[PDB]
*Asks:* 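Structure incoming, see below.
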Amino acid sequence: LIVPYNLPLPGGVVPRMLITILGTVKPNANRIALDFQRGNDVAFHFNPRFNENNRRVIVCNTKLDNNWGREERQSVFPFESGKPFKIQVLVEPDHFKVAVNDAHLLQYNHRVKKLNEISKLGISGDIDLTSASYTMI
Ligand SMILES: CO[C@H]1O[C@H](CO)[C@H](O)[C@H](OCc2cc3ccccc3oc2=O)[C@H]1OC(C)=O
Ligand SMILES: [Cl-]
């Protein structure tokens with residue numbers, strides 16, 4: 001698939017929706033980003049950074065009216081340059097739940113509450129993207 005890739009989420013997200021992204025991190029990658037969007041707002045930005053001051057960190061945040069909010073940072077970093085990955089995002093009633101390579105990684109409490117209006121997922125960064133799909137569990 002071509003990156004950046006836009007995956008429509010028809011009628012928005014709902015609890016029990018599972019999104020699966022398969023790809024390979026490029027050698028010498030700098031960043032990956034998943035952006036769940038509500039129009040111009042970003043309800044959930046998930047942003048692995050491979051070199052922030054010589055550390056690897058995952059930054060999560062929300063953008064409202066063009067302004068970024070308070071960051072939530074995770075130091076557990078399961079991505080590896082050059083290697084294949086699987087990201088699964090499970091929508092639960094109170095948070096997005098993220099697993100990488102079948103291991104739980106983090107939860108992100110819903111700040112944007114109109115879940116039915118979060119109707120696009122943007123996938124970008126230094127990856128080769130193999131597939132991006134959703135199903136209901
Ligand atoms: C406060 O802004 C930083 O932190 C934000 C999260 O709190 C975003 O990750 C944002 O990134 C959004 C962003 C970065 C980007 C980088 C390359 C290409 C396209 C990009 O599109 C973006 O929205 C960051 O901004 C910078 C300089 O990386
Ligand atoms: Cl809202």
Side-chain angles (χ1 to χ4, degrees):
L1 303 177
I2 296 302
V3 179
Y5 188 83
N6 171 54
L7 179 67
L9 306 173
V13 305
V14 63
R16 306 196 70 75
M17 183 168 195
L18 177 68
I19 294 158
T20 303
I21 298 168
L22 288 164
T24 298
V25 181
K26 290 182 174 293
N28 309 128
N30 176 64
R31 70 185 297 271
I32 299 169
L34 305 189
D35 289 286
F36 286 87
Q37 297 218 50
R38 175 177 172 253
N40 184 61
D41 284 351
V42 179
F44 174 41
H45 173 76
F46 173 86
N47 177 210
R49 300 180 180 178
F50 288 75
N51 184 354
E52 190 192 65
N53 304 316
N54 297 298
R55 314 266 176 98
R56 306 197 284 172
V57 62
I58 299 178
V59 177
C60 298
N61 208 346
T62 292
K63 191 172 77 169
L64 302 172
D65 293 338
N66 249 26
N67 296 313
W68 290 105
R70 165 181 44 77
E71 295 179 349
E72 298 182 30
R73 287 177 170 241
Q74 175 60 82
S75 57
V76 170
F77 194 91
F79 299 98
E80 316 159 87
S81 289
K83 299 199 199 181
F85 65 86
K86 179 171 64 181
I87 299 171
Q88 289 167 306
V89 181
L90 179 61
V91 186
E92 300 202 317
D94 292 326
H95 48 255
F96 294 96
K97 186 172 78 184
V98 180
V100 177
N101 300 345
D102 295 307
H104 177 73
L105 177 61
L106 61 85
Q107 300 173 181
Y108 190 80
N109 189 256
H110 295 304
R111 298 189 192 173
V112 170
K113 298 195 191 273
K114 293 172 178 170
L115 300 183
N116 63 303
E117 294 186 3
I118 303 168
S119 63
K120 299 178 67 274
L121 171 60
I123 303 162
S124 59
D126 300 316
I127 60 172
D128 287 320
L129 177 66
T130 302
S131 61
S133 65
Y134 49 76
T135 197
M136 297 299 302
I137 67 173

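Nothing fancy with the numbering, it's 1 onward along the sequence. Start at 1 and go down the list; that is how both ligands and their atoms are numbered.
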*Asks:* Would you call the rings of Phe79 and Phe85 parallel, tilted or perpendicular, where under 30° means parallel and over 60° means perpendicular?
*Replies:* perpendicular

*Asks:* For ligand 1, does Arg49 get within less than 4.0 Å through its side chain, its backbone, both, or neither, judged by non-hydrogen atoms?
*Replies:* side chain

*Asks:* Take atom NZ in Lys63; do more than 12 heavy atoms of anything else shown fall under 6.0 Å from it?
*Replies:* yes

*Asks:* Just need the protein heavy atom nearest to atom 23 (O) of ligand 1, so name the residue and atom and give the distance.
*Replies:* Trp68 CZ2, 4.5 Å

*Asks:* Would you name the heavy atoms of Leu115 and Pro15 that are closest together and state the gap between them?
*Replies:* CD1-CD, 4.5 Å

*Asks:* By ring pair (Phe, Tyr, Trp, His ring centres under 6.0 Å), which residues pair with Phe46, not counting sequence neighbours?
*Replies:* none

*Asks:* Would you say atom 27 (C) of ligand 1 makes contact with the protein, given that contact here means a non-hydrogen protein atom less than 4.0 Å away?
*Replies:* no

*Asks:* Check whether any protein heavy atom sits under 4.0 Å from atom 4 (O) of ligand 1.
*Replies:* yes

*Asks:* List ligand 1 atoms under 4.0 Å from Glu71, heavy atoms only on the residue side.
*Replies:* 4 (O), 6 (C), 7 (O)

*Asks:* Nearest 0.5 angstrom please: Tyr134 OH to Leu121 CG, how far?
*Replies:* 11.0 Å

*Asks:* Does a side-chain N-to-carboxylate-O contact under 4.0 Å join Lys26 and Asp128?
*Replies:* yes

*Asks:* Protein non-hydrogen atoms only, distance under 4.0 Å: does atom 9 (O) of ligand 1 have such a neighbour?
*Replies:* yes

*Asks:* Quick test of your reading of the structure: of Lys63, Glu52, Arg31, whose heavy atom lies closest to atom 17 (C) of ligand 1?
*Replies:* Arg31

*Asks:* Quick one: which ligand 1 atoms are inside 4.0 Å of a heavy atom on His45?
*Replies:* 6 (C), 8 (C), 9 (O)

